Structures are given as structure tokens and as C-alpha cells.
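Asks: Please read through the structure below; I'll follow up with questions.
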There are 2 protein chains.
Amino acid sequence: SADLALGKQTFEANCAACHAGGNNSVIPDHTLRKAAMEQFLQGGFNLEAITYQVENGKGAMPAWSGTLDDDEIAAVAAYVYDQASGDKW
Amino acid sequence: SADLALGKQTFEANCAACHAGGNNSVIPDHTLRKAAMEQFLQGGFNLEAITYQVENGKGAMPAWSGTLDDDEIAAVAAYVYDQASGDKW
Ligand code: HEM
Ligand code: HEM
């Protein structure tokens, strides 16, 4: 299913630098919150969209394929998704 | 067994700050290599000694029992142990 522990640690080790607190320090309005994603994430607010962006990157956001493994990409995507849907940031 | 992927991400998120590359930026000779640990780690170079220090801390090194859960502690201890034994640092 979803290893949110692996998710959280992967998030801290690789994403926190630009997305601490569910925010976006590079492009301020493209945060990791539900609303923002529903509006800016290509593919919609769903696990598929998040995973695809993590794998391939987007603009100033780097690609994580070949850096993270599918388990790590999957867990971090679930973590981001769960934090967002639950308003947990 | 302890998941080494979780171990790697836990190490990066929480330990890399002072132990990047298996080194020690605070007390230079107290590195994460087998020899160093054989000499300085209470209990000698073994998985259990590593786990105990991570849980409890030592001097300037903080304790992690609050910050990390048992699976993350077990995983990071295994990762550090495997890196040192294979001289992978
Ligand atoms: C870590 C592996 C990581 C994750 C997870 C992550 C997620 C992510 C999402 C879901 C978005 C979409 C948000 C939205 O409202 O559309 C997104 C967007 C951007 N990110 Fe990211 N991101 C991760 C890592 C990083 C890192 C390391 C940086 C900084 C160098 C970063 C930056 C950005 C930027 C910029 C965007 C917007 C991309 C665009 O639409 O142009 N992310 N990220
Ligand atoms: C992350 C959770 C983490 C781990 C793993 C870790 C391991 C570790 C070991 C096994 C030793 C012993 C090395 C030896 O040769 O004896 C050790 C020692 C020290 N560490 Fe550490 N460490 C982790 C995290 C941190 C962090 C974030 C810092 C810096 C703030 C830090 C620093 C130190 C220091 C200093 C020591 C020496 C302790 C002493 O004997 O006086 N560690 N670490």
C-alpha cells in the first residue's frame, strides 16, 4: 500500500529543501496543498499526477527517476497526497 | 529484516548533516567507518552498538528515540552498518 514512514523520510531528505511545510520556495503559489495542486498540477490532484511529476520533474522542479527507486517515488507521492488531502501541513 | 531503502533515506534526512560521506564534522576522527567505530563506539562495531547510540545519543550527538520510530532506527542502523562493513563510505 503506502509506506508513509518511507514517504516522510524521503520527503525530508529530498523535497524539504524547496517544499518545507507544504510550501514552494521557488514559485510561491505552486504549493503542496490540495487547492494549489487542483489548479496547477498537470493530470489533476491524484496519486498518478504527483508520481508522474516526481519522476519527470517540471520546470524548476528536478526529475527524481534514477535518483529515487519506485518504492521511494511511490511512498513520497502517497505522503504528499495524504498530507494534502488531510490538510496536515 | 530492516529495509535498507528506509535506512538510506533516514540517514540522509537526519544524519547526513554531520556524517556526510561517513565522516564526522564535529569530532573528525569519530567517523562512521568500521575502524573508527571499533575504537570509539561503546560496544564495538556491531549493529546493536550502533542502534543504542542512535537511540540514546552521546555527548554532542543527539538522541533519536523521539524523532525516529523503531523501524527507522533499525533501518538507519542497518544502513550505517552495511556501509561501514563493506567500506562503502
Ligand atoms: C521530492 C522528491 C519532491 C516532491 C515530492 C515534490 C512534489 C511537487 C509537487 C506535487 C508539485 C506540484 C505543486 C503544485 O501546486 O502544482 C511540485 C511543484 C514544484 N516543485 Fe517539487 N517536489 C519535490 C522536490 C522539489 C525540489 C527539490 C525543488 C527545488 C529545487 C522543487 C521545486 C518545485 C517547483 C519549482 C515546482 C513547480 C513546478 C512547475 O510547475 O513549474 N521540488 N513539486
Ligand atoms: C542519524 C540518525 C545519526 C546516526 C546513524 C549517527 C551515527 C553515529 C555513530 C555510529 C557514531 C559513532 C562513530 C564512532 O566512530 O564512534 C556517531 C558519533 C557522533 N555523531 Fe552521529 N549519527 C547521527 C546523527 C548525528 C548528528 C545529526 C550529529 C551532528 C549534530 C552527530 C554528531 C556526532 C558526534 C559528535 C559523534 C561523536 C560522539 C562522541 O562519542 O562524543 N550525529 N554518530
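Structure method, as recorded: X-ray crystallography, 2.0 Å.
Even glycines carry a Cβ here, placed using N, Cα and C.
Per Swiss-Prot, the features are:
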| type | residues | note |
| --- | --- | --- |
| BINDING | A:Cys15, A:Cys18, A:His19, A:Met61 | heme c binding site |
Asks: Taking A:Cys15, A:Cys18, A:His19, A:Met61 as the record's heme c-binding set, what's the max Cα pairwise distance in Å, rounded to a whole number?
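Replies: Greatest Cα separation within the listed binding residues comes to 11 Å.
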Asks: Using Cβ-Cβ distances, find the residues under 8 Å from A:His19 (heme c binding site) that belong to the same chain and are at least 6 apart in sequence, listing them in sequence order.
Replies: A:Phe11, A:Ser25, A:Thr31, A:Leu32
Asks: Check each residue in the chain of A:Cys15 (heme c binding site) that is at least six apart in sequence and keep those whose C-beta is under 8 Å from its C-beta; list them in sequence order.
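Replies: When sequence neighbours closer than 6 are ignored, A:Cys15 (heme c binding site) has A:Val76, A:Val80 within Cβ distance under 8 Å.
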Asks: Which chain neighbours of the heme c site, leaving out A:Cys15, A:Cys18, A:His19, A:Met61, have a Cβ atom within 8 Å of the mean position of the site's Cβ atoms?
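Replies: Other same-chain residues near the heme c site: A:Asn14, A:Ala16, A:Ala17, A:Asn24, A:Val26, A:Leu32.
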Asks: Counting every protein chain present, what is the number of Cβ atoms, excluding its own, within 10 Å of the Cβ of A:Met61 (heme c binding site)?
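Replies: I get 17 for this one.
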Asks: Would you mind checking how many other C-beta atoms are within 10 angstroms of the C-beta on A:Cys18 (heme c binding site)?
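Replies: Around A:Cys18 (heme c binding site), other Cβ atoms within 10 Å: 15.
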